[PDB]
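Asks: so I've got this experimental structure, pasted below with the sequence.
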Amino acid sequence: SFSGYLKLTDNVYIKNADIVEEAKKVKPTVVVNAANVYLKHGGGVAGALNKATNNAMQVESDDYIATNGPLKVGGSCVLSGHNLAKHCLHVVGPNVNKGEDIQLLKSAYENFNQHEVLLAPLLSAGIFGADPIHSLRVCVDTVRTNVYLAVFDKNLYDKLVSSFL
Ligand SMILES: COc1cccc([C@@H]2CCOC[C@@H]2N)c1
């Protein structure tokens with residue numbers, strides 16, 4: 001069902017795409033959100049996914065946090081995918097702009113292994129401040145399930161592909 005992806009490894013695929021547009025097109029079983037521990041989807045990928053759900057993701061997330069408390073950095077929760085996917089896997093990668101330990105990025109990607117196929121952004125990339133080349137490396141060395149990565153920025157997508165070892 002996923003189209004136009006470049007195959008990086010046996011299980012990792014990448015495309016220059018807006019993950020919101022990609023999710024609406026594919027309606028995957030799982031779309032990954034670049035979440036924070038409070039599930040406050042203000043900006044970056046989370047703000048864009050939440051805005052596509054007309055804020056239903058945020059309303060659901062606030063109820064989740066009221067019941068369960070915050071997630072751990074490196075952790076995740078499965079919530080509804082709303083109009084984007086069957087489910088949304090909210091994964092918290094470390095935020096370098098909050099001084100969080102980059103070593104938690106591998107733990108964050110391990111959450112992907114609980115799902116056979118996922119549409120995902122690069123964890124801790126963008127406003128999370130980590131090097132996206134490093135995020136892609138950790139992704140291919142950690143995720144064993146089938147991951148379709150959507151990279152919004154064309155220039156970053158080209159840099160990721162051209163530098164992939
Ligand atoms: C909003 O998206 C939804 C909602 C319900 C089911 C699905 C599945 C997921 C697997 O692929 C087939 C269907 N598109 C997606």
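Replies: It's in. Residues are numbered from 1 along each chain as shown.

Asks: stretch 144-163: end-to-end distance?
Replies: Distance between the two ends of stretch 144-163: 21 Å, counting by CA to CA, to the nearest Å.

Asks: how distant is that stretch from the center of its chain?
Replies: From the chain centre to the centre of stretch 144-163 is a distance of 12 Å (CA atoms, centre = their mean, to the nearest Å).

Asks: residues in contact with that stretch?
Replies: Stretch 144-163 has contacts (CB atoms under 8 Å, 6 or more residues apart in numbering) with 2, 5-6, 8, 11-19, 22, 28, 112-122, 125-126, 132-133, 136, 139. All C-beta atoms are positioned from the backbone trio N, CA, C, and that covers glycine.

Asks: what helix or strand is residue 65 on?
Replies: Under the criterion of DSSP states H and E, residue 65 resides in helix 56-68.

Asks: let me see the backbone angles for the residue lying closest to residue 95 once chain neighbours are set aside.
Replies: Nearest residue to residue 95, sequence neighbours excluded (CB to CB, 6 or more residues apart in numbering): residue 128, at 4.8 Å. Residue 128 adopts backbone torsions of phi -80, psi -10, taken as degrees, to the nearest 10.

Asks: next secondary structure after the helix or strand hosting residue 33?
Replies: Secondary structure from DSSP H and E places residue 33 in strand 30-34. Per DSSP H and E, the first helix or strand lying C-terminal to strand 30-34 is helix 44-52.

Asks: what about the strands in the protein?
Replies: Along the chain, the stretches classed as strands by DSSP state E are 6-7, 12-16, 30-34, 76-80, 87-91, 117-120, 146-151.

Asks: okay, now residue 22: neighbour count?
Replies: The tally of other residues near residue 22 (other CB atoms under 10 Å) stands at 23.

Asks: list the buried residues for stretch 88-105?
Replies: Residues 88-96, 100, 102, 104-105 are the ones in stretch 88-105 that count as buried (16 or more other CB atoms under 10 Å).

Asks: now render those residues as JSON lines, adding distance to residue 74.
Replies: Shown next, in JSON lines, are the buried residues of stretch 88-105 (distance: CB to CB, whole Å):
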{"residue": "88", "distance to residue 74": "18"}
{"residue": "89", "distance to residue 74": "13"}
{"residue": "90", "distance to residue 74": "12"}
{"residue": "91", "distance to residue 74": "9"}
{"residue": "92", "distance to residue 74": "6"}
{"residue": "93", "distance to residue 74": "8"}
{"residue": "94", "distance to residue 74": "7"}
{"residue": "95", "distance to residue 74": "11"}
{"residue": "96", "distance to residue 74": "14"}
{"residue": "100", "distance to residue 74": "9"}
{"residue": "102", "distance to residue 74": "11"}
{"residue": "104", "distance to residue 74": "4"}
{"residue": "105", "distance to residue 74": "8"}
